[PDB]
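Each of two forms of one protein chain follows alone as structure tokens, named structure 1 and structure 2.
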Structure 1
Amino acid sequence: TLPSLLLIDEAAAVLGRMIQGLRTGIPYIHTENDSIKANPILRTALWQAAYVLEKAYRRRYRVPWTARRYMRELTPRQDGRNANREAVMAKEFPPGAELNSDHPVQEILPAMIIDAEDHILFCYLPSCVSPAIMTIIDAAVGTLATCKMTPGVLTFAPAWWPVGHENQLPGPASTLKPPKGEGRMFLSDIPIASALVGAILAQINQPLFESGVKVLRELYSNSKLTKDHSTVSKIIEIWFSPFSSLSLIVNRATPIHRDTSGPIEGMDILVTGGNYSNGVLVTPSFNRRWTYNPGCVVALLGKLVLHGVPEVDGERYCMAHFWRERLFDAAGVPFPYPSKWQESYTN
């Protein structure tokens, strides 16, 4: 009875069917949900994502360690700045023969990196987002941000803890409390984009997608879980995403680092955009750089994978979709462990 969740559910389903079709050569079944079917921009964006993701599953680098063991050496707040600690990790967890060809060339083709037991650590999807959707995001960010976009970070979530309120109940993000403010407006401008990124997540880690949606369901229906539940409810009704949170990072370069808030096993999804030509995402553990230009998507275990992105020759923003495990705890949903790549093929 919550149509936004039902739309991202169908977007996930129909994109999976598109991928299964590309793999089998049999016509895929269209969605009868005409929020998708009658929306040419979202529909063709799902086609494009299907091509890129199918390209990525066919191009898999393996590191010779597991995510479990890597996670075990990690100190609770090992964000990547201790260079000595990082060189010790790097010896204990080297790139391996499939990756550490001497000095690495920059990747441009879609690909993924899986651990020793087939878990997806990193998924690189260049040009995964159609120009039309990138233009929707360009407009939304534009009107929100007014060098030509004022730098900064801005965070949105229907259920959240502000810094200093950790031990109270969670509630609407301050940026989203004004019902006609900048925040809500921004969310209202981007449901097609949100729906796309959530569908991509389903293709990479279906259980995590449906856990997230389950959590949003429970936060909607169960009032005793949050402050200001009326505002929580209104925001969930325009929350076209399975993620706990969305963060817009405008005109900022990013040092090589690890996230340390968020579950050690959560997969974030970054979408980069703007008008610049020399984007590069750096992953030292994988001995790799990845071309990182507007419309690129990267999914990654970001509390595990060191990643950074240098200054570029233009305006740039990044949309970062991520997780708060405490919301899972509060909603009675265990947080799932990272999916294996074969799960993509279990039809």
Structure 2
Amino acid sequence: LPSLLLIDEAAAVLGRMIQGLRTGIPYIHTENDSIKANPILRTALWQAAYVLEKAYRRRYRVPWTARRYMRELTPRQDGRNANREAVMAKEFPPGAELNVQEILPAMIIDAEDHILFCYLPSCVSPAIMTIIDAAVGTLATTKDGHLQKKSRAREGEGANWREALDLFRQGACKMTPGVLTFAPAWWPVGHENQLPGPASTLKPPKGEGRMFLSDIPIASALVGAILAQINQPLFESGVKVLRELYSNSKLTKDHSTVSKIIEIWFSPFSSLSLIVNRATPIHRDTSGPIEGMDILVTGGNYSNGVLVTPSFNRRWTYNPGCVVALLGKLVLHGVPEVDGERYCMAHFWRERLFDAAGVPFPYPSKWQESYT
């Protein structure tokens, strides 16, 4: 599969670049691969390398380990319960380093050097941001696409807060607010009992979702390369899971479609969700494995984006081009209303795909693995 080869090249090249920035000997790309043939990809990798090196040089530490924090969590603690969240705040305080709105790349590590949060502002190069803007605009401006049909279905008529109307941007939008999800292997609502299959959004071979994916393979390669810089075992394990889902047709239904989607799937993650013109309340993401690091990319036409992490006592500037990697099941996070239109791409995981593929899900990486 050449797509997985491309994502490997992006990841490896990004690592060489970061190493060059650290040693003072600049990496010079000579190999004849996709990176030399596509300056947009090369430039985007260079920008991500700059931001990642800066973030790796600015590390805050909380006075507890992710393991104990996760053991105090209940299996579906998403942050709606104020009593238990106060319990968490007292048992796992921010610590002396964290007792201001940040703008500089940084990361939060636990007492045993595990990365819980990586803040990367302006990680995505303007070319790729333009590309993503165009793709999302095409998906959210179609007349009878999934988003418009859902948008009129909801006008005719927490708990399922991800599609609550109070959270969507009300006023002037050229992009249709809503939420869509894409994955080569997914279990539909209350179909979790069966084998996984392709997401409905991706099932038409020339539907709006498949073309949206075809519009952003280089953005997805960039996001995957960032993940590989932060957690290489997780990147490689996701790639192995994808390879196994491709090979072994007895793990999915409609495996023809799953294999095609994988062929145009330039990402090590299990799934990608697009949230258009919706505020995000403080929450924990409960649907993935404890150990999964998700990646958020925000874009649009706004100036006052903020991401709030209360258990770190921090607010982070969350403007177009900003990338955030985080343990979504551990870190409470939210994004208030912005002064304009916004979209978010959330790249995340399904542990059940991992056991099905026979690939262990790894524990979060320590930051020192960066420097080997």
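Residue 1 is the first residue of structure 1, and the numbers go on in sequence order from there. So that the term is clear: the rigid core is the largest set of C-alpha atoms that superpose within 1.5 Å between two forms.
The form deposited without the DNA is structure 1, not structure 2. With the core fitted between the two structures, just one of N39, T291, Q48, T31 shows a Cα displacement of at least 2 Å, namely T31. The Cα position of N84 changes by 1.4 Å between the two structures once both are aligned on the rigid core.
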